[PDB]
Amino acid sequence: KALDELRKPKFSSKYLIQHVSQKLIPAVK
Amino acid sequence: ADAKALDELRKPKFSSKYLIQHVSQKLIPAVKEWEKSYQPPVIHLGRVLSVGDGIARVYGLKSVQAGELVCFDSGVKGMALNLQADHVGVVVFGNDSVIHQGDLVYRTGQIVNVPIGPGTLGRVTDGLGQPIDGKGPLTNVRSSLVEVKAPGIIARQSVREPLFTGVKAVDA
Amino acid sequence: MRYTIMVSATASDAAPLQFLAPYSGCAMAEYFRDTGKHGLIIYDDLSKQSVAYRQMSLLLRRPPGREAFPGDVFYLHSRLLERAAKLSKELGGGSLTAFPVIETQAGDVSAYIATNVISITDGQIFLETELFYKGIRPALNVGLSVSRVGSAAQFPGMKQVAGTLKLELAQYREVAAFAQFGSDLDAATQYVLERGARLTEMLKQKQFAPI
Amino acid sequence: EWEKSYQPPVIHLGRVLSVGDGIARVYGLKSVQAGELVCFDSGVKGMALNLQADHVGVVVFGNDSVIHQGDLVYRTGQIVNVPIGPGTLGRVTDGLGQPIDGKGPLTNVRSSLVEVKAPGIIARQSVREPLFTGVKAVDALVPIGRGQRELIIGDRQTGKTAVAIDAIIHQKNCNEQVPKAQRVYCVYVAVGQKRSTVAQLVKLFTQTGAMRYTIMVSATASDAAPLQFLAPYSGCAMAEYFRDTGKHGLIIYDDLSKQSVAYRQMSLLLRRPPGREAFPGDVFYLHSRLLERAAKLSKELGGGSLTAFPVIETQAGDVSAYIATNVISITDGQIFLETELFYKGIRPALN
Amino acid sequence: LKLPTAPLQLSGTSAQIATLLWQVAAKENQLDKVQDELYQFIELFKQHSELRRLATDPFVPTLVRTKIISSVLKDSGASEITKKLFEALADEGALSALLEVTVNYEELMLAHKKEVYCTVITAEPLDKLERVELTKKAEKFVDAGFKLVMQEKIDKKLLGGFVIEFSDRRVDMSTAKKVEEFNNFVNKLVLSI
Amino acid sequence: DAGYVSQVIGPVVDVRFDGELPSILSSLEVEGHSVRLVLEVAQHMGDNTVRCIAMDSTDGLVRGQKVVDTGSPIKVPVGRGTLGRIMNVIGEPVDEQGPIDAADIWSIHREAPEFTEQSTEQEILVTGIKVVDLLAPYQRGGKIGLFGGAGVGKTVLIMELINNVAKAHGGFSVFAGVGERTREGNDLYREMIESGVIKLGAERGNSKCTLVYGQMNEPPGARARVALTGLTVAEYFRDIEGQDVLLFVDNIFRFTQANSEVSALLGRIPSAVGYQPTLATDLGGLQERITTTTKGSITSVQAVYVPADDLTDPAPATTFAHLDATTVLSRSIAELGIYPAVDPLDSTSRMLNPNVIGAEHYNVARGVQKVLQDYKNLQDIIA
Amino acid sequence: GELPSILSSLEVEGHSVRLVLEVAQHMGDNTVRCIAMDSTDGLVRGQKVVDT
Ligand SMILES: Nc1ncnc2c1ncn2[C@@H]1O[C@H](COP(=O)(O)OP(=O)(O)OP(=O)(O)O)[C@@H](O)[C@H]1O
Ligand SMILES: Nc1ncnc2c1ncn2[C@@H]1O[C@H](COP(=O)(O)OP(=O)(O)O)[C@@H](O)[C@H]1O
Ligand SMILES: [Mg+2]
């Protein structure tokens, strides 16, 4: 119903994991 | 990582809801503080993601077909050649400089039709029916399907008439 | 211009207006076929319409093939030239006769658009740049040009004398390149040169002179 | 005693994401090997050629309209093997290792791996004794030794099969008056021929009597892509059996260009990077490990020989086409069989 | 400078988000804290429509994507590991990447607990002895001291026995396969004899 | 149960499914279209999605329209009433005489006949053209090929071969129109009603031919499977009835081109020069179904358009392995004004051997090959 | 704010040359496609770009 558009990843920036990694380690105390 | 794991993800197994009571309260003031930066959700119309050089890629348009004339918001006419998953590739009739990222795309519904008939005897149009000969619009004419398949086998007969060209290099 | 319609997609217009202009060009002429009359259609610069097809697809993230033309470009020219016909008696008896124009790339008969349109169409007329400067205007190639229906497709009085015209032209094209020795032997290797040369000097005419 | 030996298998699995054109892309299979022969649900086998990060590409030995999305593949744990041995003599098998003659199974055979390395340096001994092939234009003018590589290149409709089969009939005309050791056994491997041409070829080896000595491996044009790919390796794996037993063997690949059409058809379907004339880059390596497998083993490792007769069908005599460029480079010579001088009465048209 | 080691490797650029997420949360020992917090966002993506417009609309600018998520994500009990994650996906438009990053984090969490799925299909429902005789052959088919879940299932075409659908392996001790393999060993010996 | 079209790219459309995806080479139907549209699935996309090919034009498919599953391959109605009928790819009457008076619909996609049921007995098919019956003698129940350029005279040989062999047989035949002109299609319909092969009235059951027409106007779904639709009704008359049926297929090259027009469109890299990567199993699967078995006989007659008399293109260069008797048409002999312009060198059959016909036939045709090869090697030096 | 119409100019700030751009495709992401009329050596991904 409301999750058929969410069924797969879709994004730009194939180096996305390196982007998010600098935004996941800040909250590491 | 399969679709049954996705359908298992449709079953809720959260075991606690200590966010949902509050994020449902701050959702609506958030979308209405930043309300001016929202284009409206568009379903049976279309709006341009990418545009350039005669091929414009348009989000939405759940109602169109292949080969439906579309009309952009500046009056420019178009054609939907292929229809991808989330967007519809639209071919642009004419110069395309007026179309931006965020302009409206209007479906006309019909297959592309150029005016036919004997009132066009003496007129020079382009491939779209608009006159360029400076004698105004076409009178005593009608629209017809340009995408029609050929006449079938039972429809034809053996040719007889020679079609003289007036050229001895040809006709002999 | 009284009996002439002209759809005119320029090169300074976009691609799909050129892509649709032979398609809309046959949409006019199907009306003349449907209501019993006869129709003439000339799809001028049909290779340049196919380049107008090649522009749209290669922006449209579609796979290219021969000479970066797409896959279905045979089907483009097929249904562009199948909707011209001669109907039966049961729908007026109307007709359409087709003139596609394909410019070769200075003599590539195996060019990708050429092999499609030479296989679709029924008869072809080769116009080399060789024959255009030997005085032969219009520069029709005779040995390479074929038709289909033959008799009952010419003037019937012309049809009897055409066999006397074609077959004597057939031997003459074989003896014209054998002029490297100075033979003119036995009153035949000169006379078929004497005949077919005057046949070439017969079959020239003037531009824009419908006779 | 079969019921007393039934331990159920633990066999590992794989589910299919996308399947098309005889190429099934499977998910799972945490331990499948490169080139491992797998099996599907519906009885059709398969080999996994390329193995990627998330999905594993599997080529299909047969019809592909039986597998839906979400079907299962079982790993057999073994690289693809063919039954080799003497019981194959006279039989007409498919390239995977099953008989299609209608004569039941292949008994007195043994399965062995179709993918091994060629004989090294010290395995070799210099080819001195000659093979005799019946066509005097081959034997006297452009001769062929026992344990040698010679390419029957040509046009089509020109007699490349004829130079092959007249050599085979000569061996049957030579084996009846030659002792047990030095008898030259035939494995004419049919790649890309019709299913009706092999019917003529099974007739000519029976009517002459050569089917006591011939194994006809005929992967047709009618089966799938990798059978025509695997038919030279399995047919040379049949020639492996006659090598280490010490006998002499004749192995013939016919229309090896079609096996190049086989290795082209799977590579572009599997999205491997294309090279010259859209063939994959490693197609020279997949032609060489075939044709370097037949040789003469020395007097310390078996003494037997193996002479390979590949066949390339040209187009109009272009010996510089990319597929012919490879095989002429790896093989020794050329028996060029032109179509134009074939009607000039010199039979065979051996330029 | 050291990260806690991932229990199994994965593929790239959409699932190694979860591998990196597991390598962060296990350092903070927040493992079952944040895993069902991903579940709430799916229920947020299931029930509510305004949030799930933000994961697929291609016309919202790149500052309204982050200034709604950090506006929605106050403290609220929500972890700042989770809050800095959902800021990052709406930073680069990766809010559609949620339904993949969960099920591999589901896989990696069940890779941290040594806890494998199965699905056993019989013709008869399993009683309190029939089910406890099942596991002692099933735990020969796991490789180590793992856990085991049960997902008992009924189908009539199997004539007794079972099939352990590990989703990675399958063991067929059903008689409907046994009588099929009994018939193939009949035909392979009557035709040869 | 059923699914929806999710994506349209020209002549290939994509259908999503909610569980139990259709088997490959099955048939799909869209409702609310102008004509009945058959989608034939060629590959699974992976995300519960089959990828199709369109038997008619896709211009009009909305995204999300209802698509049902027939769960089965393409079914044409085979039978004795199908004689005297002009047939489509998907089983339609296109001669506008009611429905097809036949029953027992059959799957037109199958496996080839096996190696055990192959015929090796060869019979010379005397045609009536002095270059055929001497030089390249055809085989009864065998294969007859016809190459040549566009404008050398291929199709006028084919109807001449119908008048030769398809009239003096008495049994049944089939004309399989694969992507030729309607002009040579419509004219053959008139010159078989007047020659009495196809009859109209109440004598529809004594006729001798069915016409399976996939001419040039259709999109390449129809031009790629009319070869198989014409084939299976010929293979229906072989196994069930036992009669020898003559398959007159026109433009086998247009079968391979119709595959190649969308083969790139299904997500495949192009092969050599720009033709399709899977041409081997496309044509090799086509040809070896056309054989003669123990049960009956099929005598295939194949016409192939070759582009610009170049036999190095791989789309006819796979066909040369697939044809016993080959009548290669040279434009040069037609430029000499000689009809039929059959090459004495390029056109060579498989019956030509003294071990089958007799030495009196083989020696003169070889004696033809000596005097005509040296005539080619001397007409260079005669200038 | 708002992406300009096609074939309109841009004026970059902070370069050693008065460098002008011309928009031709609106490539999504609220981002356009340009061809630089002069030397592009020295463009940093933060430089203010104004239109006429
Ligand atoms: N010595 C010969 N005398 C007469 N004909 C011959 C001779 N050798 C071969 N041929 C002819 O060759 C034809 C086929 O032989 P063969 O199959 O060996 O040729 P090919 O080059 O393999 O053809 P293709 O490659 O198309 O299979 C037969 O028609 C036969 O008439
Ligand atoms: N024996 C013949 N008698 C008369 N005309 C012939 C003969 N053979 C070929 N032709 C001519 O060759 C031409 C091409 O015929 P066709 O088979 O349509 O060629 P294609 O198959 O290349 O389209 C026809 O117009 C026909 O008149
Ligand atoms: Mg051969």
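A short reminder: the numbers here are calculations on the coordinates, not readings from a lab. Quick reminder, even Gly has a Cβ in these numbers, built from the backbone with ideal geometry, and neighbours come from all protein chains shown.
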- request: Looking at (1) aromatic (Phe, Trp, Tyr); (2) away from chain F (no Cβ under 14 Å); (3) more than 15 Å from ligand 3 (Cβ to nearest atom); (4) touching a helix residue (DSSP H, G or I) at 6+ places or on another chain (Cβ under 7 Å), find the lone condition where D:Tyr253 falls short.
  value: (3)
- request: Please list, ordered by first then second residue, the pairs with beta carbon atoms under 9 Å, 6 or more apart or interchain, first in the stretch D:116-136 and loosely packed, with under 11 Cβ neighbours inside 10 Å, second not in a loop (DSSP other than H, G, I, E, B).
  value: D:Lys117/D:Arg289; D:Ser126/D:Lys296; D:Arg128/D:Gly145; D:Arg128/D:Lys296
task: Collect the residues in the stretch D:138-164 that are touching a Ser or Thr at 6+ places or on another chain (Cβ under 6 Å) and within 6 Å of ligand 1 (Cβ to nearest atom), keeping them in residue-number order.
output: D:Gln157, D:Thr158
query: Applying the selection to the stretch F:142-154, what residues are at the interface with another protein chain (Cβ under 9 Å from one of its Cβ atoms) and within 13 Å of ligand 2 (Cβ to nearest atom)?
result: F:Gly149, F:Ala150, F:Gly151, F:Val152, F:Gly153
Candidate set from the stretch B:92-128 (those that are within 7 Å of chain C (Cβ to nearest Cβ) and small (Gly, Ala, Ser)); member that is surrounded by the fewest Cβ atoms within 10 Å (Cβ to Cβ): B:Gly122
query: Since F:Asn353 meets every condition but one in (1) over 27 Å from D:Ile312 (Cβ atoms); (2) surrounded by fewer than 16 Cβ atoms within 10 Å (Cβ to Cβ), which condition does it not meet?
result: (1)
- prompt: Looking at (1) within 7 Å of chain C (Cβ to nearest Cβ); (2) more than 20 Å from B:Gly54 (Cα to Cα), can you tell me which one B:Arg142 breaks?
  reply: (1)
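Please note which strands (runs of 3 or more DSSP E) are completely contained in the stretch D:1-118 and include at least 3 residues that are closer than 30 Å to F:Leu279 by Cβ, more than 14 Å from chain F (Cβ to nearest Cβ) and under 21 Å from the mean Cα position of the chain (by Cα).
Values: elements: D:14-20, D:23-28, D:36-39, D:45-51, D:55-60, D:74-79, D:81-84, D:110-113.
It comes to D:36-39, D:45-51.
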task: Scan the stretch F:292-321 residue by residue and report those that are within 16 Å of ligand 3 (Cβ to nearest atom) and either within 13 Å of the chain's Cα centre (by Cα) or of a type in the set (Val, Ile, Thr) (or both).
output: F:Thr318, F:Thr319
task: Quick one: in the stretch C:60-81, of everything that is surrounded by fewer than 22 Cβ atoms within 10 Å (Cβ to Cβ), over 17 Å from F:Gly267 (Cα atoms) and not basic (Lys, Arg), which residue is farthest from the other protein chains (Cβ to nearest Cβ)?
output: C:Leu76
message: As an exercise: evaluate C:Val51 against (1) within 14 Å of the chain's Cα centre (by Cα); (2) aliphatic (A, V, I, L, M); (3) within 14 Å of chain B (Cβ to nearest Cβ) and give the number of the one condition it does not meet.
response: (1)
So F:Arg289, is it among the basic types (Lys, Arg) and under 17 Å from the mean Cα position of the chain (by Cα): yes
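If I filter the stretch F:333-368 down to residues being hydroxyl-bearing (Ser, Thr, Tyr) and more than 16 Å from ligand 3 (Cβ to nearest atom), which single residue comes out as nearest to the other protein chains (Cβ to nearest Cβ)? Don't jump to the end; show me each part of the working.
The initial filter retains those residues of the stretch F:333-368 that are hydroxyl-bearing (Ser, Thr, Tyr), namely F:339, F:347-349, F:362.
Retained after the next criterion (residues that are more than 16 Å from ligand 3 (Cβ to nearest atom)): F:339, F:347, F:362.
Numbers: F:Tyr339: 11, F:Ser347: 9, F:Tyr362: 13 Å.
The residue in question is F:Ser347.
With the condition kept exactly as written, say whether any residue in the stretch F:271-282 is within 15 Å of ligand 1 (Cβ to nearest atom), in a helix (DSSP H, G or I) and of a type in the set (A, V, I, L, M). Break it down into steps so the answer makes sense when it comes.
Step one: list which residues in the stretch F:271-282 are within 15 Å of ligand 1 (Cβ to nearest atom), which gives none.
No: zero hits.
Taking the condition free of Cβ contacts under 8 Å to residues at least 60 places away in the same chain, closer than 30 Å to D:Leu204 by Cβ and away from ligand 2 (no atom under 16 Å from the Cβ), does F:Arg350 pass? Can you show your working first?
Values: free of Cβ contacts under 8 Å to residues at least 60 places away in the same chain: no; closer than 30 Å to D:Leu204 by Cβ: yes; away from ligand 2 (no atom under 16 Å from the Cβ): yes.
No, not satisfied.
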message: For the stretch E:64-90, which positions are within 28 Å of the chain's Cα centre (by Cα) and assigned to a loop (DSSP other than H, G, I, E, B)?
response: E:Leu73, E:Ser76, E:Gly77, E:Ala78, E:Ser79
- line: Only one of C:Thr97, C:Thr189, C:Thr121, C:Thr164 is touching a residue at least 40 places away in the same chain (Cβ under 8 Å), within 14 Å of chain F (Cβ to nearest Cβ) and over 30 Å from F:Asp310 (Cβ atoms), namely C:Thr97
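In the stretch E:1-58, how many are among the β-branched types (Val, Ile, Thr) and not in a helix (DSSP H, G or I)?
First, the residues of the stretch E:1-58 that are among the β-branched types (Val, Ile, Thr): E:5, E:13, E:17, E:19, E:24, E:34, E:42, E:56.
Adding the requirement that they be not in a helix (DSSP H, G or I) leaves E:5, E:13, E:56.
The qualifying residues number 3.
Surrounded by fewer than 24 Cβ atoms within 10 Å (Cβ to Cβ) and of a type outside the set (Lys, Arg): does that describe F:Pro270?
yes
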message: I'm checking my understanding of the structure. Among residues of the stretch F:167-188 that are within 11 Å of chain B (Cβ to nearest Cβ) and surrounded by 24 or more Cβ atoms within 10 Å (Cβ to Cβ), which one is nearest to ligand 3 (Cβ to nearest atom)?
response: F:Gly177
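Hey, does the stretch E:113-123 have a residue that's facing another protein chain (nearest Cβ under 7 Å), among the polar types (S, T, N, Q), crowded, with 19+ Cβ neighbours inside 10 Å and not in a helix (DSSP H, G or I)?
Residues of the stretch E:113-123 that are facing another protein chain (nearest Cβ under 7 Å), as a first pass: none.
No.
Between F:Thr293, F:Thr326, F:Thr299, which is away from ligand 1 (no atom under 16 Å from the Cβ), farther than 20 Å from D:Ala224 by Cα and assigned to a strand (DSSP E or B)?
Working: F:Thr293 fails: assigned to a strand (DSSP E or B); F:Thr326 fails: away from ligand 1 (no atom under 16 Å from the Cβ).
F:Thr299 is the lone residue from the list that is away from ligand 1 (no atom under 16 Å from the Cβ), farther than 20 Å from D:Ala224 by Cα and assigned to a strand (DSSP E or B).
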task: Kindly provide the set of residues from the stretch D:171-193 that are within 16 Å of ligand 1 (Cβ to nearest atom) and closer than 30 Å to F:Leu279 by Cα, ordered by number.
output: D:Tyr188, D:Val189, D:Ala190, D:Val191, D:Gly192, D:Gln193
